[PDB]
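Asker: Please work out how this folds:
(12 chains, ligands or ions: 4)
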Amino acid sequence: XXXXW
Amino acid sequence: XXXXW
Amino acid sequence: XXXXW
Amino acid sequence: XXXXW
Amino acid sequence: XXXXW
Amino acid sequence: XXXXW
Amino acid sequence: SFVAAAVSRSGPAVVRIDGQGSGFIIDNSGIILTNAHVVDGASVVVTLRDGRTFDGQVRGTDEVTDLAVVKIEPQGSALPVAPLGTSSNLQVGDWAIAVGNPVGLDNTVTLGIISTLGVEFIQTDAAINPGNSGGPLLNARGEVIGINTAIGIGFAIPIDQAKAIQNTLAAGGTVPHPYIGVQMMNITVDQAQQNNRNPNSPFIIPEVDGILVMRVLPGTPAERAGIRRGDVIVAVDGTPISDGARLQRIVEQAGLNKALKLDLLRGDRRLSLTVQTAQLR
Amino acid sequence: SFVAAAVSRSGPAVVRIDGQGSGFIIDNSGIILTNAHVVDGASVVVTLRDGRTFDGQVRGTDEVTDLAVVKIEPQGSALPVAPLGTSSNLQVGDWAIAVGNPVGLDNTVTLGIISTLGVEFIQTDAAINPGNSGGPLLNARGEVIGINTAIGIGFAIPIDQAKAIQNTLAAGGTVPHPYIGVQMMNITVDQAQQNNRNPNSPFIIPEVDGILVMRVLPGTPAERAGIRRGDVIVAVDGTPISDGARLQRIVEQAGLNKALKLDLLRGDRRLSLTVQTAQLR
Amino acid sequence: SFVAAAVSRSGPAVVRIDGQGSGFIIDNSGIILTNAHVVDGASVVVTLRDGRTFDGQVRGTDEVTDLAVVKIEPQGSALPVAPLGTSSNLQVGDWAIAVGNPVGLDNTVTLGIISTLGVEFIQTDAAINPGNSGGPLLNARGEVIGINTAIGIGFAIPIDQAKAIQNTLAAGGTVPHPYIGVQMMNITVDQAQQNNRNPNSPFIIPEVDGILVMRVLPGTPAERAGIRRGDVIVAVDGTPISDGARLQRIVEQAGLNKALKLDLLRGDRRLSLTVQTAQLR
Amino acid sequence: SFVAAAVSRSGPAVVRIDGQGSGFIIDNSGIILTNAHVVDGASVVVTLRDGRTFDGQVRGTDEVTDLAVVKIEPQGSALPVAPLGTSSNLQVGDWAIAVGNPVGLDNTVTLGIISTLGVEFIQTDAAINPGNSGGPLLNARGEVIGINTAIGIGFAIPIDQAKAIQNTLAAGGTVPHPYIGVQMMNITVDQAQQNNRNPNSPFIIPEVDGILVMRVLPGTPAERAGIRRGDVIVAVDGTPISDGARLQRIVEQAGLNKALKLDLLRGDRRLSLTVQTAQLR
Amino acid sequence: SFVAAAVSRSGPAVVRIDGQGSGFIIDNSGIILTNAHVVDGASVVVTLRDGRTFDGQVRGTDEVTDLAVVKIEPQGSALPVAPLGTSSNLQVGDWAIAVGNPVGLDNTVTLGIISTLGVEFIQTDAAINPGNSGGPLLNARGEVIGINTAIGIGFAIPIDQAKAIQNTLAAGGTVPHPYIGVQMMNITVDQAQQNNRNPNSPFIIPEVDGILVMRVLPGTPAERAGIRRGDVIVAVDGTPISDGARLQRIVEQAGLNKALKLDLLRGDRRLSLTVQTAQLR
Amino acid sequence: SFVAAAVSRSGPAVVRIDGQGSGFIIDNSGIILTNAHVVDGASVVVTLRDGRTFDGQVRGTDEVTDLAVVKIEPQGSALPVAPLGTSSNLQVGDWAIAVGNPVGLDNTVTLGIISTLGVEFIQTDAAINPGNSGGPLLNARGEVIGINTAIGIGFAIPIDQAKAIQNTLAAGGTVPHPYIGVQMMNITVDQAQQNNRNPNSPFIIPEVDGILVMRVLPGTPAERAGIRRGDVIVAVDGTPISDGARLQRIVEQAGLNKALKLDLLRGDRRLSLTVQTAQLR
Ligand code: NA
Ligand code: NA
Ligand SMILES: [Zn+2]
Ligand SMILES: [Zn+2]
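Answerer: Residues are numbered from 1 along each chain as shown, chains lettered A, B, ... in the order given. Ligands and ions are numbered 1, 2, ... in the order given. Shown next is the structure:
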C-alpha cells in the first residue's frame, strides 16, 4: 500500500 | 516502568 | 571582545 | 565570476 | 594476484 | 613492550 | 546523431529560470513550463539559449504534481517554441533526451531510454539532474514527452499530464487534489492472522484482506472523522477494497468537499464514518 | 591524605586479571572478587601488586549481577586481603575510593563520593574506568563497600550484594534469578485515556492505571503463556499493581518454576493466564 | 563526610520539576528556584524528596539569566527549605556540592570545588549534568551559593544574582536587559594596521584601538540606527572604549528605551548615530 | 526503438521473485533462472508480467557463481519464454539491455553496451540495480546473453555459464568448485628483492618470481597441509608458476578430493606438501 | 554495433600507464597522450592491448591543462595508432565513446553523447572513471575527439587543445599560462548597491558593474602590485570589464612578464597599478 | 578550604602564555616553566594574574619531555614565585591541585588526587585541560610537584624532572635523549611458539623470550645498522633482555654517538651489529 495524502 | 527480564 | 546581545 | 589563477 | 578460495 | 624512539 | 536533430528542434526553446532550474517555452505568447520546485513560491528571471534575459512571473503552481507555468512577454525576435508530443503512446525502451539550460547559452543534453511507465510517471536512464530539472524530456523526433524532475534512474512528469492543468495554472493556480489524510497499507489475511500470531505486533488486525490505516495525518478530514491508526476500511460506498492505490482513485473521482461514508471495523466493533474530502496542500 | 591510608590498607589486595580488568582478594585462601564481564566465560592469570603472577580459575559467574569469583592457590608470602565493609549503612556524600590494578604493580586510584544510592546499585563521581573495573570501591577507612563496574558518574555493585552470592559462585555457579520475559511500563489513566485520544497510538489502553506490557521477549515464559504486547496485567495474585518495578519483586519472591496466575485484560476481554518463572540467562 | 551534613541540610528541599530538571524550595510559601531552560515556556509538576507530588505554576522566567521561579501550594507537612547563602564572598577553591533530584525520592550528589569566579558566573569541577540542573550548588556548610546549569567543568548561576530578580519573577516576569544588537570585538592598532596589511582582510580597520563591530544582529536598535559591520565605535558619550565587555555595562546602566549617541568612524568618515536601547528577548 | 522490439521479445518472460529480485523463464516447463543471492537459502513466489502469481521452489543454487534455478508449475496460459543466446561471441561495444520486473506487472528497462569482457564476467554501462538483479541482459535482437547481478558499471553472469550448470541446479544442487584456501599474489624478483630491502617488510621473499601465499584461510586444505603465510609455491606438479590466476585453473582441472603436490620454499628451506582439493562452500 | 567498429579502430592504440591511468599512442614513433595527473611527476611503464610492456618516459606535462606526453621506443611489431579527429566541429548530442585500458589486455568501453560544449571542455554522459582516464574519447567513426579526465557527467580535454601543445610537451615541457593571481567575481549595480544595503556585508562595493576582487592569492603578481580583496578593477587598458571570464583572456593575450596597468577603485579612492603577468604553476 | 590556601600561595605566580597555555614563574629573575607544546617553536607574551603583560622569550625547549623555559624581565613590583616541591616522595592518593591562568587575571583551579605514579609521569583525577596546561600541579601545601600536560585522568610532568633540565633549557636548549629507532615488543616463548603455530603470522619468531623488533623507524641508527623488522635482539652487551622498557634505559646510560653492539638472530641466522646512538628529535 501507499497512502500518501 | 522498567521491565527488563 | 564578546558582543552578545 | 570565476577568477582561478 | 587474486587468490580467492 | 613499548619501543618509542 | 539523431539526437542532434532533436536538440536542434526543441533546444532553443529550453530556458534558464532563476532556486535555479530549467524550463521550456510552450508557445510564442511566452508561456513556459517548469517544475514547481524550481519556483520557490516567488514570481523569476528567464534566460533563453540566445542570451535574451526576459523577466518572468509565476502564473500558477501545482505542488503535488510539481509543475509551474511561468509567463514572459514576447518582444523582438520570435520566442522559440518546443513542440509538444503526447505521453499516452510511449513505449518502454523508446529513446529519451533530457535537455536543460543550466547557464542560459548552451543546452546540456543527456541520452537514455524510457526506463519504465506508470501515464502516472516516467522513468529514464537518461542522466537527470539539477542541470536539467524543469527542462523537457524529448523523444527521438524532438517533441517533448515529459518534464525532467530531479530529486541511475531519473523521473519525468508526463506531458499529457501538464497539458491537462496548463490553462488552470495559466490562470488561477489551484488544481483539484481531493484527499482525506490516511496513510494506508494493503493487508492480507495471510499477513493479518500472521500478524495476529506475532506477540509483539502493535494491534491485532481483524483477519480479512484490506487497507490497514497505518497512520492518520494531523489536521485532515480523516482525523476529523474520528479515524484511528489500526482501523480497517472494508467498504466505502459498498465497494470492497484491499488496495491502497485503488482508494486514492475513488476519492479523486468524488469532488472536493464530497462526503464519503466509510465502513470500517475497529478490532471487533463495526464502525461507519463519513469523511469529507479536502484539498491536499 | 586520608585516602593514602585507605589505599595502603586495601590496595595490596587489588589484583590484575587477564578481556582485562581488576579484581580483589577476599581471603588468604585465594578467593578473588571481580566483574563477570572481566571474565569472558573462560577460566585467567592473576597478578598481585607485588608482581607475583599466580594462575586463577573462574569458580563462578553471575551474568545479571555482573560479578565473578576467581580462585588462586596461596603459596609463599601471605596473599594480601582487602577487608570487607558493609554497604547497608552507606550515606549519600560519603567518600568513595576506586582502586584498580591496570598493570599489576602499582594501583591506580581515583577519589569521589557516593553520588546516589539505590542497596540496589551505587553511583559515584569517582572516575570509574576499564582501569579499575572489578576492583574495589572503598570508604574513607579503606574497607571495600562496592565493586567498580565500567560501562561523569560511575557504578558499583554493593558489597553486601556480593557477600550473598559468594559461597554459591565459590561452588556451583548458578544464582536464582527468576523471571517471565515482559518489558513492562507504568501506565496512568491520565496517560491511558490520553493515549486513547491520540489517533496514531498503537493500541488503545483500557483506561486504568497499571503495567502496560510493552514487549514480550522471544522464548520466555510470557511468550509461552500467550501474553501479548499491549496487554495490561491488572492483578497477579489478587494484588493490584501499577508499578513495573514492584512486579519484578514478587516474581523473585516466588521460586524458580513457580506458577503465577496473571489477571490481565486485552483491550476489552478479561484474561487470566499462568506464567511459570524461568531462570534469566 | 562533611558533605553528608550539607546534603542532609539542603537536600530535602531539592525537588524534581517535570523538559525535566531540578529545582529547590526557597521558603515555606512554596517558592521554588530553577533554570528557565528547565521550564519549556509552560506552567509543571513538582516532586519533593519525600515523594509528595505538588502541582506547580511558573510565575516568572528570565531567559538571558536562565532562571525561573516556580510556585507550589503548601499543604500538610511543612515544605523543606534550602537556606540561601551569599555568592559575593566565594573563594576559588572552596568546596562545591551539586545536589539534584532526578527521580523525586533520593538526591544525586556530586562534589567539587569553585573552579573559577566571574559574581558573573561560577565554574566548578563538581560533575554538573541534566540530573542536577536547576538544583542548588552548596558550600561546605550546606547553604546554597549557586544554581547548577547544564549545557570536566560545570557552571552555576550565582545565588546573589537570583536574589536580585526573585521578587520580579515572583510577580510579573520581565527583567530589564537593555541592549543594542552588536557583536563587537576588541581591536588593537597592532591588530588593526596588522589587519590592514593582509591583502585578504574583509575591510581595513581605521588604525586605532577599539570595538570593531563584527556583526549587526537583525531587527535590533543597532540595525535601526544604521550601524554597519566593520564600523568602529570610538566614543559613546565622550568615553573612549576599546573593550567589548565594558560597553555591555554602560548600556545596562542606561535605562530601557534610552538614547545613546555613538561616535564611530566608517573607514574614513566620522559618523555619529544614536541607538535606543531595547529589551533583549 | 530497436530495444522496444527486444523488450517485447524477452520481457514477458521476466518475472518477480520474492529478499527480492528478478528472474526469467527458461522454458515452458517452468524453469526460471535468477541470482542465488536473490534466493536467501529458502524455497519463493513468482509473479509474471501479466500478473499471474505462481508459486516457485528453489531446485538448485550455486553460491560461488551466484545463480539459482527456480521451478514453477505451468497452468492455464503458456508460460512466456526468453530465448537464450550465446555469450561466447560477444563483442565489446555491443548493445546491452537490462530487463527487470521489480513489481510484477511492467518491466523496468535500461540500455547500455558491453563495457568489458572477461566469458568470465560481463561488464556493462547499462544501469544494473536491485530492480533488475537476476533478470536477463539481452543483445540488440532480444536474446539473453547474461544474468544481471547487482552488488557506473554493472556486472552480468554470462549465459553460456548458466547453461553449463543448468541441469545440475535443476536436479541436485551441488556444482564442483575445487579449491585449497590460499590467498595468493603475483610476486616479481624486482618486487621481491625490492621487498627484501625494505627494513619493515613482514618477511623476506626468497627472490624469484612467483605466487606469494598472502594468507591461509581457516579450515582449508591449505591449512591442513601445513601451508603458511609468506610461503612461495614454485611448482605444482613440475609446472613453474608466477600467476595467481593460473593456479586457480589447474586446481579446477583436478577433481574434487584430488591430491596435488606443492613444491614451495619457506624462506630458505625447500618444502613439498600435498594439499587435497575440497569444495568451496 | 557501430561502437564496436570504433573500438576496433582506435582501441588497439589505447594503453595502460603505471598512480595508474590510461593513455593512447599518437603515432608510430611512440608518442603517447595521457592526463598529467596520471603521471605523478615521475618518468612509467606502458602496456599495450596486446600485452607488450614497453618502457615509457614523460617528455612533458601541462598541469593546468592536465595532459602529458609520454614516449616509448618502437620495436618489433608496429605500434598501433589512434587516428586524431578535430574537436572544433563537435555537435552537442553526437555519440561519445570512452575507451580505457585498466589492465593492459582488453579495453573497457563506455558509450554516451556530447553532453555539453565549452572548445574549452567537453562533457559527456558516457561513464568516465579511473578505468579510462587519459584514454581517448571517440566519435561514432572512431577518431579521438577528446581525452577522458576523471575527477553522471564526465569531462574530456578537447583534442584540438592537445594538438596545440603537443610539440612543446614533446620537447621542453613548459606551456605559456600567464596569470596574476586574483579570484574575481562578476558584480552588478543591483548586486552592489544591494550589497551596500546589507548591514553585515564585508565591504561596500562602490556601486557600478564589474569584477570584484574576491581574493588575492599569496605570492602572486596581484599581491605584489598591492591589489587587495574588495577592490574593483574597472578598466585594464581603457577597456571597461564586468566579466571575470573575459579578463582571464586579455591576460593570456598579453605575454609572460607583460606589464598590464589596472584602473581600480578602493571604496572611494581611484587607484591604478600595473601587475606583471607570471606563469601559473 | 585547604586548597584556597594553596591557590593563594602559588596562584599569583601562574601566568598566561600566548598556541595558548599556562606557565609558572620559578624565581624573581623571570624564569618561567611551561609545556614545550604551549610554545609552537617561536619566542610569546606573558600575562600575570595581576594583569601585568610582560614580554617573554623562549630560552629552551625539550620536545620529548614536553617542557619549555620562558624568560621575562623583572620590572616594577616583584614577580610572584611559585615554591618548588619535590616529586620523589609523592604518595598515590595525595591531594593534587591543578592551577591554570586561561585569561590572565584569575586562576582556574581544579582538585583531585595523585591517580598513579610512574617519577616517570604523574596521573591525576584532577581535571586537566587546555585551560591549565603548562600550569603547576600542587600538593595540599601549595608547592608545585608537577606540570600539567593536556593531551577522566590527566597527566603531569614531575617537578624533579624539570629541575634536572632547567639550567640547560635556561641556556642552550638541547637535552641528551639518546636513541636508536626501534619499536620493540616483549616476546614470550609461549607467545613465540604460539605465534609460530598461527599459519597467518607475518614471521616465525625464533622461539625464546625477548624484544621483538616490531618496526624500524626511517632514518635512524637502527636502519643504518641494518636492523630489520622481525629481528630479535637477544643480548646487547652480554646482557640478556626480554624487556622493551629495560632496553630504553641502557641506551640512555650510554652517551650520544655511543656504539652499542647488538646480538640478534634473524629467523635462523645469528647476527651481531653495532648501532650508534643518535639524538631523538
Ligand atoms: Na574531589
Ligand atoms: Na546510451
Ligand atoms: Zn572529579
Ligand atoms: Zn548511461
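
Asker: and stretch G:220-239, which residues are buried?
Answerer: Neighbour counts over stretch G:220-239 (16 or more other CB atoms under 10 Å in any protein chain shown) mark G:220-225, G:227-234, G:236 as buried. C-betas here are computed from N, CA, C, even on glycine.

Asker: could you measure residue G:217 against chain I, distance?
Answerer: Residue G:217 is 25 Å from chain I, where distance means CB to the nearest CB, to the nearest Å.

Asker: Look at that residue and say how many residues are nearby.
Answerer: The number of residues packed near residue G:217 is 18, by other CB atoms under 10 Å in any protein chain shown.

Asker: Roughly how far does the spatially closest residue to it that is not a sequence neighbour sit from residue G:219?
Answerer: Closest residue to residue G:217 apart from its sequence neighbours, by CB to CB, 6 or more residues apart in numbering or on different chains: residue G:181 at 4.0 Å. Between residue G:181 and residue G:219 the distance is 8 Å, computed by CB to CB, to the nearest Å.

Asker: Please say which of these two ends up with more neighbours.
Answerer: Shown here are residue G:181 and residue G:219; by other CB under 10 Å, residue G:181 has more neighbours (23 against 9).

Asker: The more buried one touches residue G:213, doesn't it?
Answerer: No: between residue G:181 and residue G:213 there is no contact under CB atoms under 8 Å: 10.2 Å.

Asker: who touches both of those two?
Answerer: residue G:222 (CB atoms under 8 Å, 6 or more residues apart in numbering or on different chains).

Asker: Against which helices or strands is the longest strand anywhere in chain G packed?
Answerer: For chain G, the longest strand by residue count, based on DSSP state E, is strand G:108-117. Applying 3 or more CB pairs under 8 Å, 6 or more residues apart in numbering or on different chains; DSSP states H and E, one finds that strand G:108-117 makes contact with helix G:2-10, strand G:95-100, strand G:122-124, strand J:108-117, strand K:108-117.

Asker: got the buried residues for that strand?
Answerer: For strand G:108-117, burial by neighbour count (16+ other CB under 10 Å) applies to G:108-117.

Asker: quick one: the closest residue to chain E within chain G from residue G:82, how far?
Answerer: For chain G, the residue closest to chain E is residue G:152, as judged by CB to the nearest CB, at 28.7 Å. Taking CB to CB as the criterion, residue G:152 is separated from residue G:82 by 25 Å.

Asker: Neighbour count: these two, which is higher?
Answerer: With neighbours defined as other CB under 10 Å, residue G:152 and residue G:82 compare such that residue G:82 has more, 25 against 20.

Asker: so what's that one up against?
Answerer: Residue G:82 sits next to G:9-10, G:13-14, G:24-26, G:136, G:143-144 when contact means CB under 8 Å, 6+ apart.

Asker: Can you tell me which of those has the largest number of neighbours?
Answerer: Ranking the contacts of residue G:82 using other CB under 10 Å puts residue G:136 first, with 32 neighbours.

Asker: closest point of the stretch 51-200 of chain G to chain B, which residue?
Answerer: residue G:200 (12.6 Å).

Asker: That residue - how many residues pack around it?
Answerer: So residue G:200, with other CB under 10 Å, has 15 neighbours.

Asker: Equivalent analysis for residue G:171, please.
Answerer: For residue G:171, the neighbour count with other CB under 10 Å is 11.

Asker: so where does residue G:160 fall, helix or strand?
Answerer: Element membership of residue G:160, judged by DSSP states H and E, is helix G:159-164.

Asker: Can you pull out the residues in contact with that helix?
Answerer: With contact meaning CB under 8 Å, 6+ apart, helix G:159-164 is reached by G:33, G:65, G:67, G:84-88, G:144-147.

Asker: Just give the nearest non-adjacent residue to residue G:27, would you?
Answerer: Leaving aside its chain neighbours, residue G:27 sits nearest to residue G:81 (5.6 Å; criterion: CB to CB, 6+ apart).

Asker: List the residues that contact the one you found.
Answerer: Neighbouring residues of residue G:81 by CB under 8 Å, 6+ apart: G:13, G:25-28.

Asker: One more pass at 10 Å, please.
Answerer: When contacts are counted by CB atoms under 10 Å, 6 or more residues apart in numbering or on different chains, residue G:81 touches G:10, G:12-13, G:24-29, G:31.

Asker: Alright, I will stop here.
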